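Now for the letters of each chain:
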Protein chains: 10
Amino acid sequence: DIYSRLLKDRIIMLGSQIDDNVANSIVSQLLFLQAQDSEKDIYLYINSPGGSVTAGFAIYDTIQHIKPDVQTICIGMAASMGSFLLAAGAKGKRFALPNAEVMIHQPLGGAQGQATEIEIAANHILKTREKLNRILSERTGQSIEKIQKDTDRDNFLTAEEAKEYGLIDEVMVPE
Amino acid sequence: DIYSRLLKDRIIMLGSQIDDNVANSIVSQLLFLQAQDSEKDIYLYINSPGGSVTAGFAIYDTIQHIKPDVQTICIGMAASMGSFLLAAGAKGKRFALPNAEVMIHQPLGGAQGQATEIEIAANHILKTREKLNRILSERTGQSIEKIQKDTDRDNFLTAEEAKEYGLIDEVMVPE
Amino acid sequence: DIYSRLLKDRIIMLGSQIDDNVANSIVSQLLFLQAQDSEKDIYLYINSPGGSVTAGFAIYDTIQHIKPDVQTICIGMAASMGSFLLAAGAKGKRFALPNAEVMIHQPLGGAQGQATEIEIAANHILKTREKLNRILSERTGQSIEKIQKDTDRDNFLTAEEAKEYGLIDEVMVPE
Amino acid sequence: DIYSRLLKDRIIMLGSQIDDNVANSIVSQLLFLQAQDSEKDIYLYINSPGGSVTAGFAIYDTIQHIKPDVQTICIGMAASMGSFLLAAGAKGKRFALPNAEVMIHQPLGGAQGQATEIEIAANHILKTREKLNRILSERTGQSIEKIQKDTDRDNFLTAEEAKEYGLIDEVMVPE
Amino acid sequence: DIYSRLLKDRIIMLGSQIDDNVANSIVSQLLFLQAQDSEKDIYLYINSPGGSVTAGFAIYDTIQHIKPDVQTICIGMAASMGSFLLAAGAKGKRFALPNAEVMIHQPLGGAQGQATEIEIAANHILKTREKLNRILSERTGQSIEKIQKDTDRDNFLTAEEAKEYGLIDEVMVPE
Amino acid sequence: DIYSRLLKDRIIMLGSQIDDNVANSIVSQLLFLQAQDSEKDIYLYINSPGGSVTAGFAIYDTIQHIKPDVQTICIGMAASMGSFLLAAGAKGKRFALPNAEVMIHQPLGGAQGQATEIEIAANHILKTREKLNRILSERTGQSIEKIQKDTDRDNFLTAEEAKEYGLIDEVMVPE
Amino acid sequence: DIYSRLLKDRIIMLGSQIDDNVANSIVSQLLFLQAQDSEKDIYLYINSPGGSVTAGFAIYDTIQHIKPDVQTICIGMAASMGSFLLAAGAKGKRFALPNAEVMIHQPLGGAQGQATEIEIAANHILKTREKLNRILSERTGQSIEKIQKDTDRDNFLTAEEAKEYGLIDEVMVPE
Amino acid sequence: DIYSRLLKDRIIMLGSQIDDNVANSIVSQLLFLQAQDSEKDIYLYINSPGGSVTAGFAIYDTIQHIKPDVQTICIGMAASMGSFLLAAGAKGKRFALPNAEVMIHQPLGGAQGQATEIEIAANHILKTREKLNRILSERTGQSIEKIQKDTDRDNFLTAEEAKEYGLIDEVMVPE
Amino acid sequence: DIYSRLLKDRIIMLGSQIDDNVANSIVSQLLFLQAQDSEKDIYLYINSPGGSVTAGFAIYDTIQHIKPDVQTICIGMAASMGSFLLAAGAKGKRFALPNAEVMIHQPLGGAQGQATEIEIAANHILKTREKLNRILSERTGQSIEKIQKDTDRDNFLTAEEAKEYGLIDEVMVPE
Amino acid sequence: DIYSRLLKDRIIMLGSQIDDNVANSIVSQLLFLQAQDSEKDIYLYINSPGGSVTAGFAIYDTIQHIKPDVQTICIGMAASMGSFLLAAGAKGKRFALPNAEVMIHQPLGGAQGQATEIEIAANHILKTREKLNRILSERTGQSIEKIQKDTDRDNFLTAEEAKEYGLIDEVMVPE
Ligand SMILES: CC(C)C[C@@H](NC(=O)[C@H](Cc1ccccc1)NC(=O)c1cnccn1)B(O)O
Ligand SMILES: CC(C)C[C@@H](NC(=O)[C@H](Cc1ccccc1)NC(=O)c1cnccn1)B(O)O
Ligand SMILES: CC(C)C[C@@H](NC(=O)[C@H](Cc1ccccc1)NC(=O)c1cnccn1)B(O)O
Ligand SMILES: CC(C)C[C@@H](NC(=O)[C@H](Cc1ccccc1)NC(=O)c1cnccn1)B(O)O
Ligand SMILES: CC(C)C[C@@H](NC(=O)[C@H](Cc1ccccc1)NC(=O)c1cnccn1)B(O)O
Ligand SMILES: CC(C)C[C@@H](NC(=O)[C@H](Cc1ccccc1)NC(=O)c1cnccn1)B(O)O
Ligand SMILES: CC(C)C[C@@H](NC(=O)[C@H](Cc1ccccc1)NC(=O)c1cnccn1)B(O)O
Ligand SMILES: CC(C)C[C@@H](NC(=O)[C@H](Cc1ccccc1)NC(=O)c1cnccn1)B(O)O
Ligand SMILES: CC(C)C[C@@H](NC(=O)[C@H](Cc1ccccc1)NC(=O)c1cnccn1)B(O)O
Ligand SMILES: CC(C)C[C@@H](NC(=O)[C@H](Cc1ccccc1)NC(=O)c1cnccn1)B(O)O
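Residues numbered from 1 in each chain as written, not as in the entry; some residues may be left out. Chains lettered and ligands numbered in written order. Part of a larger assembly, values for the part shown. Heavy atoms only, no water.

> Would you explain the overall build of chain A in this entry?
Tallying secondary structure elements over chain A gives seven helices and eight strands in all. For the C-alpha atoms alone, the extent of chain A along its principal axes is close to 50 × 30 × 25 Å. The buried share among the 175 residues of chain A stands at 62%. A total of about 6600 Å² of accessible surface is found on chain A, and carbon and sulfur atoms cover 48% of it. Side-chain charges in chain A split into 17 positive and 24 negative, and the spacing between the mean points of these groups amounts to 5 Å. (Helix = DSSP H or I, 4+ residues; strand = E, 2+ residues; numbered from the N terminus. Buried < 20%, exposed > 50% of the residue type's maximum accessible area, 1.4 Å probe, protein only. Areas by Shrake-Rupley, 256 points an atom, 1.4 Å probe, with all protein chains shown as cover. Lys, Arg positive; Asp, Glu negative; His and termini not counted. Charge placed at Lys NZ, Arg CZ, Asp CG, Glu CD.)

The structure is reproduced here in structure tokens:
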């Protein structure tokens with residue numbers, strides 16, 4: 001299988017929606033790569049429309065925890081939790097290809113039941129948003145109040161705009 | 001039709017779920033009965049599992065607004081917005097048959113979408129619960145804190161317990 | 001319509017499963033009949049497999065509340081809440097045809113959700129069973145503990161067994 | 001409507017599956033006809049594939065109970081509970097048109113649940129079959145054990161065979 | 001039918017979602033009422049969650065065009081196009097009952113297909129929003145800029161808040 | 001019924017999608033109104049999203065073919081065949097309410113099967129478009145070239161724009 | 001397989017809902033790892049929304065039974081039965097990554113059928129909640145009264161709050 | 001695969017509902033293990049909600065027939081036929097983990113068709129229940145009369161209660 | 001597998017709809033091929049109906065971003081994003097077989113929700129179309145306005161027409 | 001796998017409907033076979049009901065473009081695009097088994113949407129039919145005018161008739 005080959009070059013492809021299955025695969029790949037060698041870089045290609053917040057945080061925390069630097073490279077599109085993980089790469093080693101698109105927006109969810117259950121769910125998603133904003137602020141240098149306003153609705157960015165936003169460090173030019 | 005002849009005796013049957021169709025029928029019947037005679041009493045029989053809050057308030061406010069006293073008679077069951085409307089009858093003229101059951105609980109709803117929209121919906125239903133608690137406190141004489149605690153979960157009441165609670169004035173004995 | 005003609009003779013047909021629609025129709029027919037004449041007997045024919053408890057209690061309490069005697073006549077079958085309403089007729093005026101079947105059993109229901117919600121639902125249905133047992137004991141003369149054992153599972157009775165049970169007073173012979 | 005003009009000639013058409021709705025319609029038509037005149041004959045045309053045992057007994061017991069003779073005339077087909085009601089007409093006044101088919105067979109049913117519940121359901125339907133076999137033996141002049149043997153499976157009979165069997169008295173010839 | 005005799009009191013009930021069927025019914029009632037008498041007032045009760053913009057404008061333009069004053073009375077809820085029609089009543093004669101809910105928000109829609117067809121749909125709905133904002137500014141005295149910001153998301157208003165906003169003129173007290 | 005009342009005033013409401021049922025109803029109403037009086041005007045109110053071309057042409061040809069002038073009044077919306085019929089009213093007597101919308105676009109259809117079957121269906125719809133374009137050109141005073149270009153995609157028009165275009169003669173102002 | 005290589009390092013990934021299939025896989029992995037070496041530690045990564053109580057106890061009891069210490073590491077989320085198993089790791093060796101979320105709440109279930117069946121199911125789930133509360137009390141040091149109040153509704157905890165609660169021993173810092 | 005290496009340690013995992021597929025897998029594992037060695041023990045782990053009686057007896061009879069002792073160890077849950085197989089292990093060698101649950105109840109089934117087919121099915125399931133009771137009485141030392149009463153409804157047992165009942169010999173402690 | 005033997009000749013088959021899975025496979029194969037040899041040509045056979053813009057740009061940017069020349073050979077059909085990638089091959093090395101079809105058209109999409117959300121989606125797809133038009137203008141030597149007009153609707157091109165258009169350099173002759 | 005073994009003898013079996021997956025498999029097998037040896041003959045067995053035109057042309061153009069002669073052998077049936085590929089084998093090496101059936105007919109498709117879109121699709125399928133007719137004229141020696149008339153509807157041919165027609169060169173006799 002072709003991805004088996006790429007893993008020998010320490011390359012991980014995140015090329016789908018992020019659910020728990022995908023997150024456990026990515027996490028296990030990071031841990032496996034760290035075991036083989038704990039100082040050579042890892043390369044995480046990202047072509048993802050987003051997905052679950054907790055699954056995304058499973059990958060995020062693993063990236064920060066392991067010893068090797070994790071380079072992130074957006075090809076095609078990094079939207080929602082995909083752009084959050086793009087910004088999570090080793091600073092100075094976060095890239096996008098020239099025609100890649102990046103999109104940021106606020107979390108989405110749902111809640112049903114009694115008034116108290118809806119209040120619990122609303123409080124949980126607002127806390128989850130404040131937590132995502134605070135971390136994105138630390139990864140980009142944007143202020144939390146600006147993240148909050150810029151993610152009120154869907155916010156599409158070119159690769160160059162993503163760099164000026166601080167989500168990546170360089171647009172990768174050919175070749 | 002049987003209900004049309006009962007209407008000539010100024011009797012209205014609320015015997016179903018409360019949605020907008022039912023609420024409009026009940027409201028129009030109260031209006032029509034007030035026009036025919038504005039001082040003879042009206043009798044509202046209630047056998048209802050509850051329904052929409054705004055459809056319920058359409059009936060509640062029409063009862064409060066018109067001239068005639070509206071007697072409320074719970075037969076079978078008055079649950080949720082049903083029991084709220086039972087408590088809304090003219091004071092001294094709120095009844096339940098001996099084996100009727102009354103149930104009270106907090107509102108239920110749902111919300112989907114972005115975090116800010118879920119927060120808007122959560123705030124709306126909590127505000128709605130506060131409004132219902134306040135009115136029920138006025139109709140029963142119980143405190144708002146007691147209502148709030150007693151409606152945290154489904155709360156089933158006998159006709160006698162509903163009288164002790166202040167939801168009704170008397171249990172109707174034969175004949 | 002044929003049932004309209006029978007209502008002229010103060011005859012009500014209960015020939016279906018008992019839900020809120022059926023109960024409100026039956027209740028309105030009883031009240032309409034009492035208005036026309038409050039001393040002439042009413043005849044309630046019962047061919048019913050049962051239905052909702054609260055809908056059944058809407059009919060029960062109305063029968064006990066109005067002035068006229070309500071005679072009950074089982075044709076075909078009175079099961080579950082149907083036999084409960086059969087036993088509710090004016091004492092001495094509860095009948096069944098010779099090949100009618102009567103069936104008694106304990107209530108059924110369902111509950112889903114949190115442990116506390118299931119606890120609340122279980123407590124409500126056990127309270128509802130104790131109430132049904134107590135009233136059936138008063139209508140039949142059977143002890144509450146015998147009702148409890150006899151309704152543990154489905155209990156089919158001939159018309160003659162139903163009379164010796166106290167659910168009816170006489171088996172109607174031709175003509 | 002055509003059937004109500006026929007009711008003025010004391011003609012009742014049973015022309016469908018026998019459920020509770022149909023049984024209550026037929027029963028009410030018999031009582032109504034007896035009320036208008038309690039001596040003049042009633043004519044019950046039967047074209048039915050059968051139906052519910054209890055619904056059929058509602059019609060059967062009403063036929064035996066009223067004062068007027070009830071003639072039964074099979075047109076097209078009287079199967080299962082249909083043929084039971086065909087045999088139920090006033091003796092000497094049970095007919096079939098020359099090309100009508102009569103079918104008899106044993107009761108069918110179903111049972112789901114615990115072993116004790118399946119035993120209760122089996123006993124009930126076996127008792128039901130014995131009661132039907134006994135009545136048909138009285139109405140036809142055949143032995144119970146012959147009825148049992150001849151209904152073990154679907155048993156189709158011509159009009160002439162139904163007369164030979166005792167289910168009807170005469171085959172109706174033109175004119 | 002109850003709504004028929006209410007119409008003789010010049011009362012119209014808008015108690016459902018607004019589609020073309022409902023709109024054509026309301027419009028024909030307004031025309032019919034003007035034909036019988038063209039100076040006596042008309043009373044339009046509103047309990048509606050909203051609906052189609054063009055259906056709503058059929059009712060709006062008819063209200064403005066006919067000669068009689070059209071009073072608007074919100075019972076239960078006036079949301080979206082329902083609250084737009086509430087504010088369309090004759091000034092000084094727009095009411096809400098004390099527990100009625102009013103909600104305002106921006107239009108919603110959908111678009112599918114080629115880029116140029118999506119552009120056509122976006123331009124059409126933004127033009128529609130500008131037209132709604134401008135009319136609501138005229139009916140309420142609020143500025144278009146405030147309407148735009150206040151309708152960005154769902155905005156729930158009590159009867160008292162709707163009066164302060166200018167959507168209604170008075171909250172209707174008993175009796 | 002309310003529409004029967006309006007038809008005595010020679011008012012016809014076209015308030016739905018135009019299919020064959022609707023067309024036959026409108027056509028029969030026009031024929032019936034012409035028979036009652038062949039000189040007094042007829043008023044066709046239009047709130048329609050369009051529909052079938054042949055159903056539309058049934059109404060169109062009938063309007064052209066009856067002696068009385070047929071006034072057309074767009075309320076809410078006249079799109080597609082709806083706006084074609086709006087433009088078909090007696091010149092000088094075509095109206096729209098101030099907030100009515102008008103939309104024009106080319107016909108739509110489908111074709112499946114062999115190549116020669118698809119070619120036949122393509123030629124039939126192109127000939128249909130050319131006929132519709134020519135007739136609309138004559139009703140509006142526009143060139144066929146301009147109609148063709150302006151209906152290539154969905155084209156939304158305000159009431160004032162529709163008057164400028166020649167689809168209506170006057171915007172109806174209040175009173 | 002990537003999970004196969006991690007099993008070489010005595011790492012087990014519980015990254016899904018807990019049903020019987022998953023529980024048997026986790027149990028067999030623990031058994032297999034103990035047989036290979038009964039004194040080297042085992043590492044249980046948890047990213048789970050929870051699941052079946054009995055499947056959870058199959059894993060819990062196997063963890064307690066075997067010789068090796070079992071470290072638990074919450075990545076992403078440990079909700080419900082997932083957080084119960086997180087607290088079950090060897091004391092001193094229960095961890096969570098800094099942005100992992102932990103949630104605790106009371107059990108859920110369902111019951112259908114006769115009143116006595118519903119009572120049996122209610123008693124079972126309440127007994128199951130008492131058992132879980134008691135064990136969690138032992139694992140965290142919190143009182144059973146506190147657990148019972150804190151799990152009445154969904155209760156979301158940060159990694160730091162989970163440490164304060166006693167569900168984990170340390171938050172894992174990089175690197 | 002993990003279960004293969006466990007089979008080398010003579011471990012069999014019964015961790016699912018028991019149907020014919022599972023039974024044939026378990027049976028072939030028992031025979032395969034006997035062929036390799038006919039005197040060393042076999043270990044059957046049981047986490048099962050139950051299943052088919054005949055599939056269960058395929059496993060039961062195979063366990064009794066082969067030479068090696070089969071230890072049974074309930075993890076998580078042994079319900080219905082699962083608890084029957086738990087009690088089927090070699091006496092002295094039947095265990096449950098401390099938080100395992102055990103449930104016993106009477107068989108369930110269904111029957112549809114003619115009265116004689118229902119009677120056949122009823123007799124077959126009653127015979128099956130007598131056979132299960134007699135074997136369980138032998139495995140546990142309890143009387144058949146007590147088994148019959150204790151299995152009338154669902155009967156949940158802790159590991160300790162199962163030992164007292166005789167279903168297991170010991171609750172296995174760590175480690 | 002046949003495609004892996006072709007990969008050793010540096011042949012990549014793009015023979016399906018272009019989604020993220022396909023894009024990541026193609027990207028992985030380009031990277032892998034560049035790693036084995038960074039100067040020898042790569043051959044990308046294209047038989048595709050098109051697909052996702054972002055997935056297509058993942059392949060496009062990878063093609064421009066590797067050192068080796070990528071020849072593109074259209075077999076069967078290159079439509080939509082398929083034809084975009086066909087034009088993306090190394091200039092002078094873009095081919096089509098004599099009977100391959102090439103189709104170009106403008107992007108398609110959808111948008112649902114509030115007016116502001118629809119405007120965001122419309123602007124994003126219009127910007128996407130502009131970006132695609134500019135690149136195709138550079139790759140084909142046609143003007144932006146000609147690309148815009150020629151893609152307003154589906155535009156089918158033979159292999160020879162595709163060469164005249166600049167989408168390919170040569171039509172590949174036999175053999 | 002059996003088809004792998006036959007590829008050793010340079011045998012490719014086209015035995016299914018022709019879509020893009022199948023076409024890419026066949027194309028890749030031809031290229032792979034040409035790589036191993038570019039002068040040994042290839043044998044393509046055809047048993048196909050047809051399929052996509054563009055997928056068929058992918059196979060056709062590859063057959064003409066490789067160096068080796070491709071023999072075509074129809075077994076069972078070559079219908080529609082299947083017979084087109086049969087006629088495409090190296091002249092003198094196109095065969096059919098004596099009972100194989102051959103069928104030719106004109107292309108089929110479908111179109112939906114605006115009139116201009118149906119015209120585009122009609123023109124495209126007509127152009128495709130003309131290209132198919134011209135190539136088959138060249139492969140068979142029949143005139144385009146004869147192909148056009150013979151493919152108006154389904155035209156079934158025996159192996160012998162296919163030889164007379166020019167679709168094949170010889171009917172294969174045993175052995
Ligand atoms: C940066 C952030 C915007 C990324 C993703 N956003 C989300 O909102 C996801 C959407 C979702 C996915 C599957 C199932 C339901 C919901 N929401 C949650 O995981 C969540 C978290 N905490 C509480 C409630 N929900 B993105 O891909 O859009
Ligand atoms: C508690 C009692 C006094 C009244 C009723 N309780 C409710 O929860 C209803 C239930 C509902 C069901 C289906 C669809 C919608 C609503 N909730 C609302 O109307 C509502 C209002 N505002 C915000 C959110 N929800 B009862 O009678 O059922
Ligand atoms: C004498 C009595 C045995 C009669 C009826 N028995 C019942 O169990 C009904 C059945 C039912 C039917 C449809 C949907 C749900 C339940 N149960 C309730 O109404 C109920 C349940 N829980 C709490 C309060 N009430 B019988 O006639 O079916
Ligand atoms: C003389 C007699 C043979 C006539 C009818 N026979 C039946 O079996 C009916 C069929 C049926 C229809 C609807 C729903 C269930 C069953 N059975 C019962 O009504 C029944 C069953 N079990 C216990 C009590 N009653 B016939 O018309 O076929
Ligand atoms: C702001 C408030 C006055 C709006 C009310 N209606 C809407 O937003 C509707 C929603 C809808 C209803 C039926 C069918 C489709 C869509 N949208 C349109 O009608 C529409 C959309 N795009 C262009 C033009 N019009 B309210 O009830 O929400
Ligand atoms: C353009 C405008 C003046 C009128 C309407 N346009 C249409 O295309 C309708 C839509 C349709 C309805 C039912 C079934 C299929 C299609 N098309 C036809 O009736 C038709 C199509 N092909 C040949 C002949 N007739 B409008 O409402 O959009
Ligand atoms: C850890 C605990 C606080 C909640 C966890 N599980 C539950 O509540 C489950 C929900 C469920 C899932 C699948 C199938 C059935 C039920 N309930 C039961 O297993 C159960 C046990 N005994 C009696 C009744 N129910 B958690 O992970 O949600
Ligand atoms: C007491 C306890 C040991 C019962 C176990 N099984 C059953 O009761 C099953 C339920 C069932 C399962 C699959 C298909 C159909 C029915 N019933 C039968 O197998 C059966 C056999 N013969 C006659 C009638 N029924 B337990 O494990 O659930
Ligand atoms: C490049 C041009 C020749 C058209 C090609 N692709 C498209 O139009 C796709 C269609 C699609 C289908 C399913 C899911 C998503 C998109 N549209 C987009 O990707 C898109 C989405 N949002 C904004 C901008 N673009 B071609 O292959 O049809
Ligand atoms: C040999 C030839 C005369 C007929 C063969 N195929 C066709 O006619 C297919 C039918 C079809 C199959 C799959 C999907 C869509 C349509 N049509 C096209 O491929 C097509 C052509 N031109 C424009 C658009 N589509 B045969 O095998 O039937």
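> I keep staring at the UniProt feature "active site" in chain A and nothing clicks. Help me out?
Residue and element names in this part refer to chain A. Summarizing the sequence annotation, UniProt attributes the feature "active site" to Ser-80 and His-105 in the numbering used throughout. Considering the C-alpha atoms alone, the annotated residues occupy 26 residues of sequence yet fold into one spot, their largest mutual distance being 6.1 Å. Inspection of the secondary structure puts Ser-80 in the loop between strand 3 (70-79) and helix 4 (81-86). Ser-80 sits in the partly exposed class, given a relative accessible area of 22%. As for its placement among the helices and strands, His-105 is situated in the loop between strand 5 (101-104) and strand 6 (108-114). (UniProt positions renumbered as here; feature names shortened; annotations may be inferred.)

> Teacher, can you tell me more about the packing of helix 2 (residues 20-36) of chain C against helix 3 (residues 53-65) of chain C here?
The packing of two helices is summarised by the inter-axis angle and the distance between the axes. All names here are of chain C. Relative orientation of the contacting elements helix 2 and helix 3 amounts to 10 degrees, with a least axis distance of 8 Å. In terms of orientation, helix 2 lies roughly parallel with respect to helix 3. Across the interface between the two elements, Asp-20, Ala-23, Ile-26, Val-27, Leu-30 and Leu-31 of helix 2 pack against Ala-55, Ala-58, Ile-59, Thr-62 and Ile-63 of helix 3. (Axes fitted to C-alpha atoms, helices over the stretch in contact; angles between N-to-C directions. Parallel < 35°, antiparallel > 145°, perpendicular 65-115°, else oblique. Contact = heavy atoms within 4.5 Å.)

> Hey, could you run me through the site of ligand 6 in this one?
Residue and element names in this part refer to chain F. What surrounds ligand 6 is the set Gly-50, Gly-51, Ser-52, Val-53, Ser-80, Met-81, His-105, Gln-106, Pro-107, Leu-108, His-124 and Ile-125. The side chain of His-105 places a nitrogen or oxygen atom 2.9 Å from an oxygen atom of ligand 6. Notes on ligand 6: free accessible area 620 Å², of which the protein chains cover 69%. Per-class residue counts for the shell around ligand 6 are five nonpolar, seven polar and no charged. (Near = heavy atom within 4 Å. Polar contact = N/O pair within 3.5 Å; in protein donor to acceptor, adjacent residues only side chain to side chain. Nonpolar A, V, L, I, M, F, W, Y, C, P; charged D, E, K, R; others polar.)

> Honestly, the side chain of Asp-20 of chain I in this entry has me stumped. Any pointers?
Its place among the elements puts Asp-20 of chain I in helix 2 (residues 20-36). One buried charge, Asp-20 of chain I, has no salt-bridge partner; the nearest side chain with opposite charge is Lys-131 of chain I, at 13 Å. Within the local environment of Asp-20 of chain I, its side chain forms a polar contact with the side chain of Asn-47 of chain A, the two groups lying 3.4 Å apart. Other than its neighbours up to four places away in sequence, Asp-20 of chain I contacts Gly-15, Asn-47 and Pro-49 of chain A together with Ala-55 of chain I. (Salt bridge = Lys/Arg side-chain N within 4 Å of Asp/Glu carboxyl O.)

> Explanation requested: the interface of chain D and chain H in the structure shown.
Frequently, the measure chosen for interface size is the accessible area that the parts lose on association. Contact with chain D, which involves 19 residues of that partner, is made by 19 residues of chain H. In total, chain D and chain H occlude about 1600 Å² of area from one another, counting both sides; carbon and sulfur atoms represent 59% of this. Among the residues of chain D in contact with chain H, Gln-114, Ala-115 and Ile-118 of chain D are the three that bury the most area, contributing 31% of the side total. At the surface where chain D touches chain H, the tally comes to zero salt bridges. The tally of links from chain D across to chain H stands at eight residue pairs in polar contact. (Buried area = accessible area lost by both parts, 1.4 Å probe.)

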